[PDB]
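# Close look at the chain arrangement
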Amino acid sequence: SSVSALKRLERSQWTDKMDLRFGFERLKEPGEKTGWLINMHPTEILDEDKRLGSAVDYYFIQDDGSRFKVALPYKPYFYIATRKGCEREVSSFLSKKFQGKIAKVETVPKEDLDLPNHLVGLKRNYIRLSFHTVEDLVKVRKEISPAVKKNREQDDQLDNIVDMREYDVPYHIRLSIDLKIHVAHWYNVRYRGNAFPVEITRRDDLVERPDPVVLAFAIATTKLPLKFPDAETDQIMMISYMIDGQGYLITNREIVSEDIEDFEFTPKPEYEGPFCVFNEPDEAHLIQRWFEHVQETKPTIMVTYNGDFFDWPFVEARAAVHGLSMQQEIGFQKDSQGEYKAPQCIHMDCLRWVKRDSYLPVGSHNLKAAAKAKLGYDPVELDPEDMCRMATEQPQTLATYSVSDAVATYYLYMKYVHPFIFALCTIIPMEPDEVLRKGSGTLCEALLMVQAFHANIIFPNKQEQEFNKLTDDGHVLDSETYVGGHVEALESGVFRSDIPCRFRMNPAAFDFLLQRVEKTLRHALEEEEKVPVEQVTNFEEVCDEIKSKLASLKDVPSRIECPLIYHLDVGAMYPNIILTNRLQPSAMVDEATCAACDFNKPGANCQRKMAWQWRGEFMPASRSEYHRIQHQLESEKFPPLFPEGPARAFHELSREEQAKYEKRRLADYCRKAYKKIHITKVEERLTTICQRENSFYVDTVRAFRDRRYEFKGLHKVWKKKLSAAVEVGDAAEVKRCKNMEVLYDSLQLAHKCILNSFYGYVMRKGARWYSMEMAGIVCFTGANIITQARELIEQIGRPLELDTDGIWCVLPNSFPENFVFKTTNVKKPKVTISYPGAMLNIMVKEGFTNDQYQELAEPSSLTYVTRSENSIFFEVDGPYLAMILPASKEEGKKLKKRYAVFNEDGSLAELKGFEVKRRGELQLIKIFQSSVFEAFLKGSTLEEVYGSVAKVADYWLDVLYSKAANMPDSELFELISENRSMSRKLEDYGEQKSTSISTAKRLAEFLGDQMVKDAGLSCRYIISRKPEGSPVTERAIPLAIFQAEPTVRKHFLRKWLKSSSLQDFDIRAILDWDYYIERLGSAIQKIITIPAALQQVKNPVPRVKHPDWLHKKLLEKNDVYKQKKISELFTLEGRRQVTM
Amino acid sequence: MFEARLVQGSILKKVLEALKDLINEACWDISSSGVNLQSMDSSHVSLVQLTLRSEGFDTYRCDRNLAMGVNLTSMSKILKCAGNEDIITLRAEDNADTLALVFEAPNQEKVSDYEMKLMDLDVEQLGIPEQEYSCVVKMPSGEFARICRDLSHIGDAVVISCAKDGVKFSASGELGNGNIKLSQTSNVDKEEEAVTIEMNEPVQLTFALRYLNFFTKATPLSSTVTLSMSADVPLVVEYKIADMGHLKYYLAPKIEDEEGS
Amino acid sequence: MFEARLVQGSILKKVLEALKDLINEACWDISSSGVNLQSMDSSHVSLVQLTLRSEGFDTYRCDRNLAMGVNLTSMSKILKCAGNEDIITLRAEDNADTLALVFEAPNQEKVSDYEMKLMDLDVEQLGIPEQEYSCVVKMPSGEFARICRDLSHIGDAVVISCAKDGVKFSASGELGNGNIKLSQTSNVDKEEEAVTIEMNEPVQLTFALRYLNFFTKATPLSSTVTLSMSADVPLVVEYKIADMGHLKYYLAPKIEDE
Amino acid sequence: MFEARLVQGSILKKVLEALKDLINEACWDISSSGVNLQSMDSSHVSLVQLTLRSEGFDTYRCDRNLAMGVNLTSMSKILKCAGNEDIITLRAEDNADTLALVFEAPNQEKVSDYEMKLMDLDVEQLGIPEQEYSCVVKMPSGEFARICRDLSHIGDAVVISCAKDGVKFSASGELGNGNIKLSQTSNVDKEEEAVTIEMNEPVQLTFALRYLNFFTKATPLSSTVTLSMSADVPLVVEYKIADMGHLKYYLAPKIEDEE
DNA sequence: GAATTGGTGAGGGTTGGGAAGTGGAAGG
DNA sequence: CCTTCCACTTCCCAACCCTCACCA
Ligand SMILES: Nc1ncnc2c1ncn2[C@H]1CC[C@@H](COP(=O)(O)OP(=O)(O)OP(=O)(O)O)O1
Ligand code: SF4
């Protein structure tokens, strides 16, 4: 035992010396100072008895560059529940049993959300156990936690222990939840001397932050041709980095053929990028120099891109080969999770932000693409195979590349990441390491824990997973789910405001709207704008022009007009619906728990009922057939855990194994006995939401929402400043205000992601507050609002696309559009309203808006106010210049979630779902789609529009029919490549056949498992012809062979094409040109021809036939011999209907 | 009750197997005088009528006139169980919930029985002009069946021309053209192996072959078919059973705009 | 070395395909007294028992107990190549991993020689215990095939009842119930046209009809089939190939909820 | 003008039924000598050759030798109309865009008359090579077809061996391997069971079973099939039509040297 | 230990049932 | 001795399951 304690002491000393070497002096002398809390860790310390106890080391920094540490002791604790009245006996038994293992035990009353009748004010006495160090907590919990199972299954003092809580929450996150210590704030610290706990307390007024010294670094290495590097054999060429605006480079003359010289790099005037250069004679000298320079500059923030994947496993190996222990010199060691972390500094990987927070597609998750998207300039490229020659022939260009990578890494960290991460850390207890690395669900669990502790509510334990539960009818459920977002694609083709388009309309709709114009506008002004209707001056004037334009519509519904393209969508929809109905994961109640509640009084308005659609799939097997399978498994035997071991009887296996064995064994029987393997059932259900239950979750969502609205409000204010400065032409003001615009927009997008996480969190496996119903009720309530908006807009006009948030539509040119209401109050002298907004919004006012909101008036009174609330409001984009939708190649189907929209400014506004955005889909499809969307803007008539659009596609068909005879010899190897990537290790897919697996095996046969060895393999291939009639997946050729050695290419291609008789092993012979022609044929059809024949124009492309079904229906339109019905020839004697 | 028996289920089998493919569900009208069916496509292009005289059954009773609705594919399942020589019995009761069927082997080695389930239906009823037709042709049923199948491969629609010289079927598609011609059989072994045309005046008509292909499914009910036509009005084609009565298919021709123009 | 020669070579084709769909693969057992198998389908509702006596073969040699894993799909594709008129020879070695088959045409023009790879199979096997089946029946095979095929359209499980008068099949389903009765016929011209029933006490039980459409594939083995019933005991179907062997299917009843 | 008349539909039907798998669109050539066609298959693996002499028709008018482009699947879907007994006549004018086809019931009770669009086709072709052969084998067609199908079940390709005593086939693959011999017949009673071999030198050669299993589709065309074989030169498989004509396929051997 | 959700498109391979054609056996 | 019906095998199209990445 003692040796382990001494090893923990040894590592604690090692870390204390490591950070002391980096300048973090511990506070030794009694006194008082101020500082900004940048980091912390938990560590043990020795008390006045020299007993080891657990503590947290806070790290502080100051504006003068001084730094220090403070250690604060805090006893870990958790709760146990005891049967009625046992708590004194249980605590006495535990305290004698575990004397010296436990620190203190005590009884505490806590409220618990699951307690019956709890809103009376009831609470129950949990017992806290607290320990001198977490190792005794871990031991005592491993003693206790098996013993409580029997109490659960049935229903010594240990029998009285019923349950235990919070025994798995992190220790350090306790302290920052409990004592409100939070990161990125200025604190006083007062140390009385060792006899007393330190005092730490925030000071709010020092709003400005200090500037911690930041380093970012990257490396370049040798590698084998055509293959991945290996850290044993390859060697670093150069390491490039930046500290606080100063750049540096180190280069190794063992490999780099010439000395580099210092230079400066600035793509945009903001990125000053001065780079210093040092030339070092050998790899060991390079590494030692870098280590010394880091130990000199002693950064607190250390920055990499993907650096846990490539850079650290490389530099650690190259250091250790020369005996330089990076772990001892720097401090970095690979954690158990495989992530390099350090005691003295914070480690931040930008990719783990880009992946989680950017809202970019995987197509742009590469550093170069994320830089291009966010920073607004093109980085420089080197071909990964040529760096071996570049380091020999042109060292300066390799240095320039590595510097460009350093500059991009640093400035991308600085602009987006630095504000956001610490801003979020102001409200999450966690370190900047966890808050960046942790999953977006755990963050939200922490934000909820903060409030739940402040409410003094004991947490529930994590939800425990279930396997093969039964439907009530007994069918074994494979899957349960709720029906999600609702999507429709009502129309097809093109729309433009520039061209005449036909409408038909219902006059009763106009009469209904005209009859309510004032009642709509009053609500639109007072509730949404918050300008009282008494303060507006000319309210009566505009109402008459509205009424008269509605009358002008009412008199003539059917018409030709220009269309107004409008998008009409709900803001912050699912948060707002949660707030409006006041949904909470705890608040769903059955009838029996309401019957247990003293507020269950006849006529009490507390119960709200809402409906949702459940979906579940069950296997067809009977309950009794499943019991038969189980009865047969009463004697089955199974293989050992390991080849040496004896075989295991079925009763020895884990539940996780047994459930999977049952599921397979029953699925086979089902395949035999009941031909449909799975039955899918949809069912509507209703669930009651309590309205008086504690609001902590919903108030959390309210606060987070209002924070995101803070960022959007500043975004709107600076948008005002920007638009003024742009109209005036104030370049310095435009530059500053545009920087503020970017900063607040990216912040509000990140908050959008985290805020939305609050909804889906409720479904996460294991979540503490878990419930499926609150995830369905929101989806269904979001499907209603959009469906009713489709009803209304379909009466006035023609909706064109739906999704979960809002409608895309065309409206007739005569519609009221926009108005300005003038005001006496100079604070808001002009209020602008769009009528389509209030037109939709009033239906949400009338139907949806909540009329059962309740709030506690006085905790001692047990009395509540009743209130009404709505926050669901439509808002309006555009109007837009043009819209295009594709249509399905199959009859009766329409392509959802694929479309393109253009701003009145005349440039691409949105382009959603098409292959251009997808990662690595066939490049030719990308280039064709890109060109045709821009081509749709040309022309002025549908005959012109489709006649021009056809000319873009026809050129690419002419390319394919010409076998690209004019295309440069290298270009096909890119243009024709698929780049389909593969997630898992090639072992794990088993037998399943697909072209990715096929070509990964085809490479493994060429270069061995050194490529296969690890997850995330990438593939590039073409599909060949010559093994005729072989199924498609068996003609795949990876591009690699066209760069392999000729005598090996003419071996592997001879094998794979089953032919030496192929006289020329040339891609142009090898390509399956007709397959690529069919691929493009489909890509042209879905956009340029089927969406033509639906718009009553002819087929605009000769080369591509319609599908024969459409050819038949279109030709049947076009002949004189009309098919009569028999009802036109024979007299109808009557209608008759038959009853059984 | 209703109750009937039939000498050979082959007739009723070929009936159901000719109805099932065209009309999905239909209702029978039932009486002491027999059984009748009239029903129309959900396409409303074409129409079907069947008459089964009581005197054709082996034994027949009905207590009171009734009607009942049946899904024809569901019934047509069960009759697949009846053997070619089996003797079949049908029953129903005035509560009209179910149709009982029983099959007996000729040697009474075996009994098979089933309880088919009725359904509720709506229909619109069409009067028949009962005119005489300006042309009638009577023809070997299999030869008309093959004429239909062959031309259905040539194109989507047939043109029918009837003249004193004979009858011609024609069609075309993007492949080209096809013609089939018949003329009066001068020397007749028996009328069941002869084509005969009778006319008032010549006629020309056009029809969509997809329906004719479903009409020809009745071929195994008789050696010969009759077709009756008059200008600008529905074509009627008929198969008849010597015992039971008749099955008639009615189709409305296509017509030109120039009439309306 | 095991070797044997069978003059009525079609039997191997028939008896193999009567299992091709029911069991994928099995370890065929060979001894001086014949070629044998017991096996179970992976659904574990049913057991298969097969034996061909060496006395029936035109030639037979066996010098040790031999076991050989075969996937029946492969031999099924091989036995597609033999005509029903051909004479079959089978050969195996205790020191090799391949089975050899030779086909000989009665005209002596045509011969064939197929080699297929054995596979490495072992299975833990119980002998089916002796049973006093309280009721036993013999029927012409095509009649039982038609009964099960026709009832399969009405539904997926059949209730069979036996009584002093004979047997009844009955079924229920969404399209409505139905029944078939076979009484004990009085007199018959030949056994291939005859039904025979013995019943010690009345029994009725429910059987999963979707399985019997597998067993009925044995029909070309025999003009007649033997069946047996008892309470809470797998029903027997038995085919016998002249006097030279047997194939039997044992199938459990559906365990009712009550 | 061109026309010709024939009492049999069966030959013209089953020729189309044999071609439809190998060739989609073809140019026929037409002469006083009859109808001829040679054409590479769509995969260019093998070459079809066919002719029907004019002596085989009931009557034949051809004022000038000519060539005509036609679509095989369409002509098949027309010829499926004729009954096997029906009298066939084919005709075209010297400048028609169309081929006209007439089918009559033997009793003349019925007439049927169809038209197909011509198309403009030309194809680049060699004068077909022929030689004396190392081996020639005569077999009943149905047995050769069945053997080829059974070998295709076991594997991808068949290797053939010829010798004085008999003809042997072998194949190998993931199922194992299979070997077959047909003996020379001891005394031919009539050719409809006769296997006979001409043997200048023993030969062994390998071919892909897919294309043989397409060539076999002509099996209804004649009860006897003939194989013509030598090393380092195409196999030819030949069927003969009445006396009037012949159908042949040319295929190269799957080179074993690659192994 | 650590872990937000459901709906959709595109591509490629596998599985079931119905329709067509041929050969064998029974009926007259 | 010839024609029709039953049974078996082959061929063709629709539906269902696997992956990955985007739209919310
Ligand atoms: N990451 C996510 N996780 C779960 N559901 C999500 C989601 N993103 C969207 N949804 C679902 C639920 C919400 C819905 C999309 O609406 P928003 O509230 O995201 O608002 P929007 O219009 O995108 O932006 P705003 O107007 O607030 O600025 O889709
Ligand atoms: S909804 Fe009303 S009755 Fe039900 S638990 Fe809540 S307060 Fe009690």
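Residue labels used throughout are counted from 1 along each chain in written sequence order rather than taken from the entry, whose numbering may differ, and residues without coordinates are not included. Chains and ligands are labelled by the order in which they are written, letters from A for the one and numbers from 1 for the other. Water and hydrogen atoms play no part in the side-chain values, which are based on all heavy atoms of the structure.

As stated in the entry header, the method of structure determination is cryo-EM and the reported resolution is 3.74 Å.

The name given to chain C in the PDB entry is Proliferating cell nuclear antigen, and the organism recorded there is Homo sapiens. The heading Subcellular location in the UniProt record of chain C holds the text "Nucleus". UniProt positions are given in the numbering used here, feature names are shortened, and annotations may be inferred rather than shown by experiment. As recorded by UniProt, the Sequence similarities comment attached to chain C reads in full: "Belongs to the PCNA family."

Chain A is annotated in the PDB entry as DNA polymerase epsilon catalytic subunit A of Homo sapiens.

What follows concerns the environment of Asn739(A). All names here are of chain A. Helix numbers and strand numbers start at the N terminus; a helix is a DSSP run of H or I with at least 4 residues, a strand a run of E with at least 2. Counting through the fold element by element, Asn739 comes out in helix α23 (residues 731-761). Only protein chains enter the accessibility calculation, which uses a 1.4 Å probe; a residue is then buried when its area is under 20% of its type maximum, exposed when over 50%, and partly exposed in between. Judged by relative accessible area, which is 33%, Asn739 ranks as partly exposed. Between the alpha carbons of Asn739 and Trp718 there is a distance of 9.6 Å; along the sequence they are 21 residues apart.

Moving on, we get to helix α6 (residues 283-297) of chain A. Residue and element names in this part refer to chain A. Counted at 1.5 Å a residue, the expected span for α6 with its 15 residues is 21 Å, and the 21 Å between its end C-alpha atoms agrees. Where α6 is concerned, the buried positions are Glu283, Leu286, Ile287, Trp290, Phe291, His293, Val294 and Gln295. Count one or two residues on from α6 and you reach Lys298, which has phi positive near 50°. For a helix, the expected span equals 1.5 Å multiplied by the number of residues minus one.

Moving on, we come to the site of ligand 1. Residues and elements named next belong to chain A. Only a single heavy atom is needed: when it lies within 4 Å of a molecule or strand, its residue is near that molecule or strand. The immediate surroundings of ligand 1 are formed by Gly571, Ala572, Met573, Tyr574, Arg708, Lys712, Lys752, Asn756 and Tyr759. At 3.0 Å, a backbone N or O of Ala572 approaches an oxygen atom of ligand 1. Contacts described as polar in this section are N or O atom pairs within 3.5 Å, which, within protein, must combine one atom able to donate a hydrogen with one able to accept it, while residues neighboring in sequence count only if both atoms come from side chains. One nitrogen or oxygen atom from the side chain of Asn756 is found 3.3 Å from an oxygen atom belonging to ligand 1. The greatest single-element share of the shell around ligand 1, amounting to three residues, is contributed by α23. In terms of residue class, the shell around ligand 1 is built from four nonpolar, two polar and three charged. Residue classes follow a fixed rule: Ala, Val, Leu, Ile, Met, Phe, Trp, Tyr, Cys and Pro count as nonpolar, while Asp, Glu, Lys and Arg count as charged, and any other residue, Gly among them, counts as polar.

Take the site of ligand 2 next. Taken together, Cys594(A), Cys597(A), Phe599(A), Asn600(A), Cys606(A), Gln607(A) and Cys690(A) make up the full set of residues near ligand 2. Residues that form the shell around ligand 2 fall into these classes: five nonpolar, two polar and no charged.

Residue and element names in this part refer to chain C. In this model the sulfur atoms of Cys135 and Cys162, a pair UniProt annotates as disulfide-bonded, sit 3.7 Å apart, too far for the bond to be present. Mapped onto the elements of the fold, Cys135 is located in strand β10 (residues 135-140). Structurally, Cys162 can be placed in strand β11 (residues 157-163). Pairs of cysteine sulfur atoms within 2.5 Å are what we label disulfides.

This part covers the interface of chain A and chain C. Whether two residues are in contact is decided by their heavy atoms, any of which lying within 4.5 Å being enough. Contacts between the two partners involve eleven residues from chain A and, on the opposite side, eleven residues from chain C. Between chain A and chain C, a total of about 1200 Å² is buried, with carbon and sulfur atoms accounting for 53% of that surface. Buried area: the accessible area, evaluated with a 1.4 Å probe, that two parts lose upon being put together, summed over both parts. If you sort the residues of chain A by the area they bury against chain C, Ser624(A), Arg628(A) and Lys672(A) come out on top, with a joint share of 48%. Salt bridges are defined as contacts in which a side-chain nitrogen from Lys or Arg sits within 4 Å of a carboxyl oxygen from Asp or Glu. One can count one salt bridge joining chain A with chain C. One salt bridge connects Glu625(A) with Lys254(C), and the closest N-O pair in it is separated by 3.8 Å. At the junction of chain A with chain C, the criterion picks out four residue pairs in polar contact. Classifying every residue of the side of chain A that touches chain C by side-chain character gives three nonpolar, three polar and five charged.

Residues and elements named next belong to chain A. Angles shown run from 0 to 180 degrees and are taken between the N-to-C directions of axes, each axis being a line fitted to C-alpha atoms and, for helices, limited to the stretch in contact. Packing of helix α12 (residues 395-425) against α23 leaves a shortest axis separation of 10 Å and a crossing angle of 55°. Comparing their axes, α23 and α12 come out oblique. Where α12 crosses over α23, the two elements pack in a sense that is right-handed. Within the contact between the two elements, α12 uses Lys415, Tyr416, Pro419 and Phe420 and α23 uses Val742, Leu743, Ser746, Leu747, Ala750 and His751. Any angle from 65 to 115 degrees is called roughly perpendicular, while one under 35 is roughly parallel, one over 145 is roughly antiparallel, and all others are oblique. Each helix crossing is assigned a hand: it is left-handed if the near helix lies turned anticlockwise from the far helix by less than a right angle, otherwise right-handed if that turn is clockwise.

Let's shift gears to the UniProt feature "DNA-binding region" in chain C. The positions that UniProt labels "DNA-binding region" are, in the present scheme, residues 61-80 of chain C. Regarding residues 61-80 of chain C, the helix share stands at 40% and the strand share at 35%, and the terminal C-alpha atoms are separated by 26 Å.

Under the counting rule described, the total for this entry stands at 120 salt bridges over all chains. For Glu17(B), the salt bridge goes to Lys80(B), with nearest N and O atoms at 2.7 Å. Of this pair, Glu17(B) sits in helix α1 (residues 9-19) while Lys80(B) is found in the loop between α2 (72-78) and β7 (87-92), placing the two residues 63 residues apart along the sequence. By relative accessible area, which is 46% here, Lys80(B) ends up partly exposed. A network of salt bridges, in which partner residues are shared, links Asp308(A), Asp335(A), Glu339(A), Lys341(A), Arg352(A) and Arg437(A).

The next thing to look at is the interface of chain A and chain B. Across the boundary between the two partners, chain A contributes 20 residues, which contact 36 residues of chain B. Surface buried jointly by chain A and chain B totals about 2700 Å² across both partners, of which 57% is contributed by carbon and sulfur atoms. At the junction of chain A and chain B, the tally comes to five salt bridges. Our count for the contact surface shared by chain A and chain B stands at 16 residue pairs in polar contact. Of all the secondary structure elements, the ones that give two or more residues to the side of chain A that touches chain B are β42 (1122-1123) and β43 (1132-1138) of chain A. Two strands qualify as a pair provided DSSP detects at least 2 bridges between them. As paired elements, β42(A) and strand β20 (residues 254-255) of chain B share two bridges and run antiparallel to each other.

Attention shifts here to the protein's contact with DNA strand F. Residues and elements named next belong to chain A. Surveying the vicinity of DNA strand F reveals 15 residues, the closest of which are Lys912, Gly913, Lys917, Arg919 and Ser983. Sugar and phosphate atoms form 91% of the subset of DNA strand F atoms that lie within 4 Å of the protein. Within the side chain of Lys912, one N or O atom sits 2.5 Å away from a phosphate oxygen of DNA strand F. Between DNA strand F and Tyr989 there is a distance of 3.0 Å, counted from a phosphate oxygen to a side-chain nitrogen or oxygen. By residue class, the composition of the surface near DNA strand F is four nonpolar, four polar and seven charged.

Once that is clear, we can look at the nonpolar core. A general trend in soluble globular proteins is that nonpolar side chains are found buried together. For this analysis, a nonpolar core means a set of buried residues of the types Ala, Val, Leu, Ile, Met, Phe, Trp, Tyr and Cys, connected via side-chain atoms within 4.5 Å. One finds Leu19(B) and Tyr249(C) to be the most contacted residues of the largest nonpolar core, which totals 239 residues. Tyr249(C) has contacts with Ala18(C), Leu19(C), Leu22(C), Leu47(C), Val48(C), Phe215(C), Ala218(C), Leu235(C), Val236(C), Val237(C) and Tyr239(C), leaving out every residue within four places of it along the chain. One finds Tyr126(A), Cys501(A), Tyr574(A) and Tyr697(A) within the second-largest nonpolar core, a separate group that totals 180 residues.

Here we come to unusual backbone geometry. All names here are of chain A. Omega for the peptide link from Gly878 to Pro879 comes to 0°, which places this bond in the cis form. Within the element layout of this structure, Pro879 appears in the loop between β36 (874-876) and β37 (882-885). Despite not being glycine, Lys897 has its phi angle at roughly 55°, a positive value. Within the fold, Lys897 resides in the loop between β37 and β38 (899-902). A positive phi angle, close to 55°, is found at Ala964, a residue other than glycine.

With that out of the way, let us pick up the sheet that holds strand β13 (residues 176-183) of chain D. In space, the nine strands of this open sheet follow the order β5(C)-β1(C)-β7(C)-β8(C)-β9(C)-β13(D)-β12(D)-β11(D)-β15(D), with antiparallel pairing throughout. Two strands bound the open sheet, and with one partner strand each, they are β5 (59-61) of chain C together with β15 (203-208) of chain D. The average angle at which neighbouring strand axes cross in this sheet is 15°, direction not considered. Across three bridges, the pairing between strand β1 (residues 2-6) of chain C and β5(C) is antiparallel. Residue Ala4(C) lies in a different strand from β5(C), and its bridge partner there is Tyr60(C). Against the sheet, helix α2 (residues 72-79) of chain C engages β8 (98-104) and β9 (110-117) of chain C, with an angle of about 20° to β8(C).

Another point: the domain arrangement of chain A. These domain boundaries are the output of an automatic or database domain assignment. You can read the domains of chain A as domain 1 (2-74 + 181-202), domain 2 (83-164), domain 3 (214-426), domain 4 (493-566 + 776-854), domain 5 (882-969 + 1077-1117) and domain 6 (977-1070). A separation of 62 Å is found between the C-alpha centroids of domain 2 of chain A and domain 6 of chain A.

Our focus in this paragraph is the packing of aromatic side chains. Each aromatic pair joins two rings of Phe, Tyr and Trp (for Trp, the six-membered one) with centres within 6.5 Å, and gets the label stacked for planes under 30 degrees apart, edge-to-face for over 60, and tilted for any other angle. Applying the stated criterion across every chain yields a total of 53 aromatic pairs over all chains. Between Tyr697(A) and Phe758(A) the ring centres are 6.2 Å apart and the planes differ by 75°, which places this aromatic pair in the edge-to-face class. With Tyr697(A) in helix α22 (residues 696-728) and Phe758(A) in helix α23, this residue pair connects regions lying 61 residues apart in the sequence. Per residue, the accessibility class of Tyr697(A) equals that of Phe758(A), and both read buried. Their ring planes at 15° and their centres at 4.4 Å tell us that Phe215(C) and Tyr249(C) sit as a pair that is stacked. Taken as a pair, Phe215(C) in helix α4 (residues 209-215) and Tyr249(C) in strand β18 (residues 245-251) lie far apart in primary sequence, 34 residues in all. For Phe215(C), a relative accessible area of 3% corresponds to the buried category. Through a chain of ring-to-ring contacts, three or more aromatic side chains come together here, namely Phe217(A), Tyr241(A), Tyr248(A), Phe278(A), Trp290(A), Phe291(A), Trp312(A), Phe332(A) and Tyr340(A). Charge over a ring is defined by NZ of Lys or CZ of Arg lying within 6 Å of the ring centre and within 35 degrees of the ring normal. The cationic tip of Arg192(A) hangs over the ring face of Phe196(A); the distance from NZ or CZ to the ring centre is 5.2 Å. Sitting over the ring of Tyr359(A), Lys752(A) keeps its end group 5.6 Å from the ring centre.

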